[PDB]
Amino acid sequence: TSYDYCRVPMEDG
Amino acid sequence: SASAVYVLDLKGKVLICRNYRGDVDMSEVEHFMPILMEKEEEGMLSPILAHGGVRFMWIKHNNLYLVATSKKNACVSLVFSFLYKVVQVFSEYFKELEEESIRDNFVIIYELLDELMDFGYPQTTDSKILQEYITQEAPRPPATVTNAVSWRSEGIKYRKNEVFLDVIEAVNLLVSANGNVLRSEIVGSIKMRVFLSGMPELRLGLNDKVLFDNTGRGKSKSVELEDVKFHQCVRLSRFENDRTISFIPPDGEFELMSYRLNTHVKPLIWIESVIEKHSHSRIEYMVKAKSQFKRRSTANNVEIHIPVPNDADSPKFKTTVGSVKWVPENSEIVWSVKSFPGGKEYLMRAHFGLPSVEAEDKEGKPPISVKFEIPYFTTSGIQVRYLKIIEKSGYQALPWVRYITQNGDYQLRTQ
Amino acid sequence: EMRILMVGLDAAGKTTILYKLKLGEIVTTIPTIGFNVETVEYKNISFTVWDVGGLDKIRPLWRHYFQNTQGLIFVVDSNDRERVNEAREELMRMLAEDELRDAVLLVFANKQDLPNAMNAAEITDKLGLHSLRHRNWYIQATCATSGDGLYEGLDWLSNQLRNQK
Amino acid sequence: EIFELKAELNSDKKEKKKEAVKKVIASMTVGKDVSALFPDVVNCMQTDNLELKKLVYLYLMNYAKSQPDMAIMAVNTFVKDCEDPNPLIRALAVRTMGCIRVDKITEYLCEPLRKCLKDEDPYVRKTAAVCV
Ligand SMILES: Nc1nc2c(ncn2[C@@H]2O[C@H](COP(=O)(O)OP(=O)(O)OP(=O)(O)O)[C@@H](O)[C@H]2O)c(=O)[nH]1
Ligand SMILES: [Mg+2]
């Protein structure tokens, strides 16, 4: 997979 | 309720056969291929053939006809889902599925058809767990094959803790030749690649419309998931109560949810094609491709397949941007554009000859069908919001996501 | 590296002494409808033992081992006089063959805990072991619940397998 | 040919009878009447291997309608392998017991099936339930 990711948050309660 | 899972090939010889009940004779498979050739040479083809009182459910893979006979009032949805799960189990052991894998792995394929199905009732088909007591390289079967969490062997340990998502869209489209849009639906598929340590309990949270309406936020950007089909791993009762997606993930690649929503907004790539087909002389294609989507995102490698006549010859291609190859194996001009920015409009003009003596049979009119792929760009507007890692051990995992739009069957009917 | 059988009429305690030689216990065993095969490593010659039961539907199924067959043990049932006659007829059916020719005979006097049991001489005179040409036979008194006399019969058997020091 | 196959199948070393039974169920794969070699592969059944018992059980599963009177030389081995502490070999024995459609055999096989329907490890119970 040539593309790149983006971090998503963990808690968001 | 299958009776005898076969594996045929493209001639009618049995690569491997394995009967489960003995309620269908083993020499009934020799009656398959003449019945399929008879039913196909009169256009009455169906997946359910009939040799007297024995029904031939079958799917057709690359070289393989995975025929599975039955005799009673067989549960056909069960049989066909089992056949595609046999295809998926074989393709997760043997990275392609051809005749060159069935005649080499009879050590393990008879063990697999021994394991997957008993008496016609499929019972253990998750391949990542099935790789732990049926190997091509035996211990006790795992407690995963017993317990309710039947897709995740306990005690998996990684040094890092990464959760890779893929919210892959797939725009469908079917534009009729008058110029209006008939069926413009979007089939997303959040396809994870999990690497975690232990028995976690994720809680994926989308921007689902029913969740934003039960919360009270029904005026912001919310995707309207018309139907959502989850994996097994998602507990569906908790999803049905208050739209919470909680699941214990497998280890490896799988398809978490497969949503499907309609869209009454414009198509992404629009193909205004004309045809100057003079009879017996020539044909011309003043096809233009206007990119309706946003100015920021770049449609990587679009391939606007455009159906030429079957017997055209000696072409000419005046484009603006992007190469044209004429592919005569398929009778289409695969107009490739590598970087296709949103808002532009690239024009192409093919030009063929045509044979002066006319054809013998009519040909039909296949659709223009593009192959676009727009990364970092979700058409429906789904936004993953969080992914709560919950583990008794307790650690900080690293979730990730990326966004892709592709084609589904992005067809456009022609003149 | 020599193989050996255990045939005869059923309820003779033959799988009893089989797992006595194999493990060393008095095993609880159903009447052996099929067969049994394990091996015994003792005196550096592997005693691979092939029990076949004695039910009437499996009496004709003894010939299917008699290809590449090197030994023989007949296990008597001396506590049934009304069945030792048909056991003798079964034995004379089995020793009327041209395919079992190198296999020596080895009679085991089995279930030696009842006072009605005979010695190692009356059973021989009743079964007619002296009238067996080209047969190297030897009777042996073996008690199943104790396990005595088993390895001495196996020692005679190992004297029959190899003919060296 | 098949006689030398039987000669390898009446050996004392495991790595010739193992290739023998793999060659037998490769001959069964390509569509050969190897039905005449039935009571000689069943001597090579009671093995310490488990990757080999699956193949012999498979051969028993295909060739018991055609050798029905011969098939009574596996019942003691089924009730012998339905005591083993490994649950996989018990469930393999149980799903082999039902597939043999011989009317001289299923009368004998209700006792270990009765033993296994109440057995502990729930892999063999979920096999024995369908074996009923
Ligand atoms: N009292 C007493 N009974 C014995 C002795 N040895 C064997 N038996 C009896 O002999 C019977 C036969 O036991 P098995 O060995 O399991 O049966 P088998 O002799 O192999 O006969 P089949 O297996 O049916 O062909 C058992 O039920 C025992 O009760 C013994 O030393 N003393
Ligand atoms: Mg016995």
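- If you check the header, you'll see the entry was determined by cryo-EM and the resolution is listed as 3.73 Å.

1. So, the site of ligand 1
Residues and elements named next belong to chain C.
Part 1 of the argument: The local shell around ligand 1 holds 16 residues, among which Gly13, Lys14, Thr15, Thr32 and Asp113 are the closest.
Part 2 of the argument: At a separation of 2.9 Å, an oxygen atom of ligand 1 approaches a polar backbone atom of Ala12.
Part 3 of the argument: In the environment of ligand 1, an oxygen atom lies 2.5 Å from a nitrogen or oxygen atom belonging to the backbone of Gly13.
Part 4 of the argument: For ligand 1, whose unbound accessible area comes to 650 Å², protein coverage reaches 73%.
Part 5 of the argument: For the shell around ligand 1, the residue count by class is 4 nonpolar, 8 polar and 4 charged.

2. A word on the interface of chain B and chain A
Part 1 of the argument: At the junction of the two partners, chain B supplies 22 residues and chain A supplies 11 residues.
Part 2 of the argument: Here chain B and chain A share an interface that buries about 1600 Å² over both sides, 60% of which is from carbon and sulfur atoms.
Part 3 of the argument: Of all residues in chain B, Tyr376, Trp400 and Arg402 of chain B bury the most surface against chain A, accounting for 32% of the area lost on that side.
Part 4 of the argument: Summed over the shared surface of chain B and chain A, the number is 0 salt bridges.
Part 5 of the argument: Inspection of the chain B/chain A interface yields 5 residue pairs in polar contact.
Part 6 of the argument: Mapped onto the side of chain B that touches chain A, the elements with two or more residues apiece are β26 (386–387) and β27 (398–400) of chain B.
Part 7 of the argument: The biggest single contributor to the side of chain B that touches chain A is β27 of chain B, with 3 residues.
Part 8 of the argument: Its residues placed into classes, the side of chain B that touches chain A shows 15 nonpolar, 2 polar and 5 charged.

3. Some details on the interface of chain B and chain D
By a frequent convention, interface size equals the accessible area lost on bringing the separate parts together.
Part 1 of the argument: Listed per partner, the contact involves 25 residues of chain B and 24 residues of chain D.
Part 2 of the argument: Between chain B and chain D the total buried area reaches about 2100 Å² when both faces are included, carbon and sulfur atoms providing 56% of it.
Part 3 of the argument: The tally of links from chain B across to chain D stands at 4 salt bridges.
Part 4 of the argument: With a closest N to O distance of 2.5 Å, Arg140 of chain B and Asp121 of chain D form a salt bridge.
Part 5 of the argument: Where chain B touches chain D, the interface holds 6 residue pairs in polar contact.
Part 6 of the argument: The set of elements that each furnish at least two residues to the side of chain B that touches chain D consists of β2 (16–19) and α4 (106–116) of chain B.
Part 7 of the argument: Residue composition of the side of chain B that touches chain D, by class: 14 nonpolar, 4 polar and 7 charged.

4. What about the sheet that holds strand β2 (residues 35–42) of chain C?
All names here are of chain C.
Part 1 of the argument: Taken in spatial order, the 3 strands line up as β1-β3-β2 in an open sheet, and their pairing is mixed. The strands lining the two open edges of the sheet, one partner per strand, are β1 (3–6) and β2. Each strand of the sheet is rotated relative to its neighbour by a mean of 25°, with strand direction disregarded.
Part 2 of the argument: Where β1 lies against strand β3 (residues 45–52), 4 bridges are found, and the strand directions are parallel. Looking at β3, one finds that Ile4 is bridged to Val49.
Part 3 of the argument: Across the sheet, helix α1 (residues 14–22) lies against β1, β2 and β3, angled at about 35° from β2, the strand it touches most.
Part 4 of the argument: Each of β1, β2 and β3 touches helix α4 (residues 150–161); the most contacted strand, β3, lies at about 110° to it.

5. Topic: the packing of helix α2 (residues 76–93) of chain B against α4 of chain B
Residues and elements named next belong to chain B.
Part 1 of the argument: Contact pair α2 / α4: the axes reach a minimum separation of 12 Å and the direction vectors enclose 140°. In terms of their interaxial angle, α2 and α4 are classed as oblique. Between α2 and α4 the crossing geometry is right-handed. Together, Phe82, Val86, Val89, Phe90 and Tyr93 of α2 and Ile108, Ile109, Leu112, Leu113 and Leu116 of α4 make up the contact between the two elements.
Part 2 of the argument: Residues that form the contact of α2 with α4 fall into these classes: 10 nonpolar, no polar and no charged.

6. Some details on the pattern of salt bridges
Part 1 of the argument: Under the definition given, this model contains 26 salt bridges over all chains.
Part 2 of the argument: Measuring nitrogen to oxygen at the nearest pair gives 3.7 Å for the salt bridge that ties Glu115 of chain B to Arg95 of chain D. Of this pair, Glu115 of chain B sits in helix α4 while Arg95 of chain D sits in helix α6 (residues 87–97), on two different chains. Here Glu115 of chain B matches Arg95 of chain D in class, with each residue buried.
Part 3 of the argument: When the shortest N-O distance is used, the salt bridge between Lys229 of chain B and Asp227 of chain B registers 3.8 Å.
Part 4 of the argument: When salt bridges that share partners are traced, they join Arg18, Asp114, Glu115 and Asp118 of chain B together with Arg95 of chain D into one network.

7. A short note on the nonpolar core
Part 1 of the argument: Counting residues in hydrophobic clusters, the biggest one holds 114 residues, and the most contacted among them are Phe90 of chain B, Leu72 of chain C together with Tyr59 of chain D.
Part 2 of the argument: With 9 residues, α2 of chain B is the single largest residue contributor to this core.
Part 3 of the argument: Contact partners of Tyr59 of chain D, with chain neighbours within four places excluded, come to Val24, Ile25, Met28, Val34, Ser35, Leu37, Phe38 and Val41 of chain D.
Part 4 of the argument: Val8 of chain A together with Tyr259, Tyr395 and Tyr403 of chain B belong to the second-largest nonpolar core, a separate cluster that totals 36 residues.

8. A short note on helix α4 (residues 53–62) of chain D
Part 1 of the argument: Counting buried residues in α4 of chain D gives 9 out of 10 residues, a clear majority hidden from the surface.
Part 2 of the argument: Buried within α4 of chain D are the following residues: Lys53, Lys54, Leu55, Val56, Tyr57, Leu58, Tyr59, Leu60 and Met61 of chain D.
Part 3 of the argument: Packing partners of the buried residues in α4 of chain D comprise β2 and α4 of chain B together with α2 (14–27), α3 (38–41), α5 (75–81) and α6 of chain D.

9. Focus: the coordination of the magnesium ion (ligand 2)
Residues and elements named next belong to chain C.
Part 1 of the argument: Around the magnesium ion (ligand 2), the protein contributes the donor atoms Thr15 (OG1) and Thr32 (OG1), at 2.4 to 2.7 Å from the metal centre. Taken together, the positions of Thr15 in helix α1 and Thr32 in the loop between α1 and β2 put the pair 17 residues apart, joining distant regions of the chain. Summarising the burial analysis for this pair, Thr15 and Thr32 share the class buried.

10. Thoughts on the pairing of strand β14 (residues 227–230) of chain B
All names here are of chain B.
Part 1 of the argument: Going residue by residue along β14, you find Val228 and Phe230 tucked away on one face and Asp227 and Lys229 left uncovered on the opposite face.
Part 2 of the argument: Two elements, β14 and strand β16 (residues 252–262), share 4 bridges in a ladder whose sense is antiparallel. Along β16, the bridge assignment pairs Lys229 with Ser258.

11. Description of the side chain of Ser70 of chain B
Residues and elements named next belong to chain B.
Part 1 of the argument: Among the secondary structure elements, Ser70 is positioned in strand β5 (residues 68–70).
Part 2 of the argument: The class of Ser70 is buried, set by a relative accessible area of 1%.
Part 3 of the argument: Once you skip the residues sitting within four places of it in the chain, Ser70 turns out to touch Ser1, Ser3, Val24, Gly53, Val54, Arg55 and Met57.

12. Remarks on a nonpolar patch on the surface
Part 1 of the argument: A cluster of nonpolar residues, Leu78, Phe119 and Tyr121 of chain B, forms a patch on the protein surface that exposes about 260 Å² of accessible area.
Part 2 of the argument: Judged by its relative accessible area of 31%, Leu78 of chain B is partly exposed.

13. Concerning the packing of aromatic side chains
Part 1 of the argument: For the structure shown, the criterion picks out 25 aromatic pairs over all chains.
Part 2 of the argument: Look at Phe119 of chain B and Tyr121 of chain B: their rings are 6.2 Å apart centre to centre, the planes differ by 85°, and that puts the pair in the edge-to-face class.
Part 3 of the argument: Owing to a relative accessible area of 39%, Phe119 of chain B belongs among the partly exposed residues under this scheme.
Part 4 of the argument: Both rings, one in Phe164 of chain B and one in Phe195 of chain B, keep their centres 6.3 Å apart while their planes meet at 75°; by these two values the pair is edge-to-face. Here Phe164 of chain B, found in strand β8 (residues 162–164), pairs with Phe195 of chain B, found in strand β12 (residues 189–195); they are 31 residues apart in sequence, far enough to count as distant.
Part 5 of the argument: For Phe195 of chain B, a relative accessible area of 25% translates into the label partly exposed.
Part 6 of the argument: Site record: aromatic cluster; members linked through ring pairs are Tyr5 of chain A together with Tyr158, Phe164 and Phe195 of chain B.
Part 7 of the argument: The ring centre of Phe119 of chain B lies 5.0 Å from the NZ or CZ of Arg21 of chain B, which sits over that ring.
Part 8 of the argument: A cation sits over an aromatic face here: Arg93 of chain C above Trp62 of chain C, 5.9 Å from the ring centre.

Rules and cut-offs
Residues numbered from 1 in each chain as written, not as in the entry; some residues may be left out. Chains lettered and ligands numbered in written order. Part of a larger assembly, values for the part shown. Heavy atoms only, no water. Near = heavy atom within 4 Å. Polar contact = N/O pair within 3.5 Å; in protein donor to acceptor, adjacent residues only side chain to side chain. Areas by Shrake-Rupley, 256 points an atom, 1.4 Å probe, with all protein chains shown as cover. Nonpolar A, V, L, I, M, F, W, Y, C, P; charged D, E, K, R; others polar. Contact = heavy atoms within 4.5 Å. Buried area = accessible area lost by both parts, 1.4 Å probe. Salt bridge = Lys/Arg side-chain N within 4 Å of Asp/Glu carboxyl O. Helix = DSSP H or I, 4+ residues; strand = E, 2+ residues; numbered from the N terminus. Pairing = 2+ DSSP bridges. Axes fitted to C-alpha atoms, helices over the stretch in contact; angles between N-to-C directions. Parallel < 35°, antiparallel > 145°, perpendicular 65-115°, else oblique. Left-handed = near helix turned anticlockwise from the far one by under 90°. Buried < 20%, exposed > 50% of the residue type's maximum accessible area, 1.4 Å probe, protein only. Core = buried A, V, L, I, M, F, W, Y, C linked by side-chain atoms within 4.5 Å. Donors = N, O, S within 2.8 Å, 3.2 Å for Na, K, Ca; no water. Patch = residues over 30% accessible without salt bridge, like charges linked within 9 Å, V, L, I, M, F, W, Y side chains within 5 Å. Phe/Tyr/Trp six-rings, centres within 6.5 Å; stacked < 30°, edge-to-face > 60°. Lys NZ or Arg CZ within 6 Å of the ring centre and 35° of its normal.

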